[PDB]
């Protein structure tokens, strides 16, 4: 089997992407944030504290003839941005882009933190990291990918995120029309439960490539590119008037600037992030200070190749016995 679903930016900045997901019988379609940095499929629901729901579409298990309580199971998660959610668990039928899994753990939120409530466009998360990070207790549950894997034509999914445009998540096949040149594959460590890999270096604009190992994660659920402070300083030093602002919480730059590109290495191959992808717009409405899309990972404890990086590539998440990542230009 295969599946193919369109993923759509939630706003004009590409802060996140939503993908429609069918849950239950008859189908309830929710727009979920596919997150290769976490491993829980959780939804706003009929159980969610009423004051914490503001515009989201909810899953109502009592209206699904295939829903079953997973008795005694609870979940609770905290993300890198300080957000959180928790609740209880149902199993139900879940379909993405025509690919169906029966018996998927659907984590029903009883509580969500303020950033989830405040984002009316995201109805929940669909985790695509390794199932070892799933938070369900006392019986850990599998991701949608892990439950689909054995049925897929190939044990893979691909992320093809758009810049200010829709893109695609595919399950079970490589669309050889969706990228240019060849795909470069690179090793993955699963030891922290992430799609963790080592970039071979970077360049800023038309500058020379610096060969250096940068360990980090491929994380569709993180907006920005978080890299070591040395690398980030070298990038923003090429932008007149850019500076790190402790008050704003990262590097800012004049909205009048034209940003240089940023290149990262994948083995001997190179992915170029256009300068425009690094502009996250005014820090507050009408400001002439703009927020940068490359930020320091110092204090986060890991480098994160988030959407800024991933949307410059066609990315293969290879879930074969020995996982690997692949990157192609597009």
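Residue numbers count along the first chain shown, from 1.
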Stretch exceeding the other in mean C-alpha B-factor - 195 to 203, 76 to 84: 76 to 84
Stretch with the greater mean C-alpha B-factor as recorded in the entry, comparing 295 to 303 against 30 to 38: 295 to 303
From 127, 167, 181, 124, residue of greatest CA B-factor: 181
Peak C-alpha temperature factor (PDB record), options 272, 53, 278, 290: 53
Relative C-alpha B-factor of residue 234, binned into the chain's lowest, middle or highest third: lowest
Residue 49, C-alpha B-factor rank within chain (lowest, middle or highest third): highest
Position of residue 161 among the chain's modelled residues by C-alpha B-factor, lowest, middle or highest third: lowest
Chain-relative CA temperature factor third for residue 106: lowest
Residue 319 - which third its CA temperature factor falls in, relative to the rest of the chain: highest
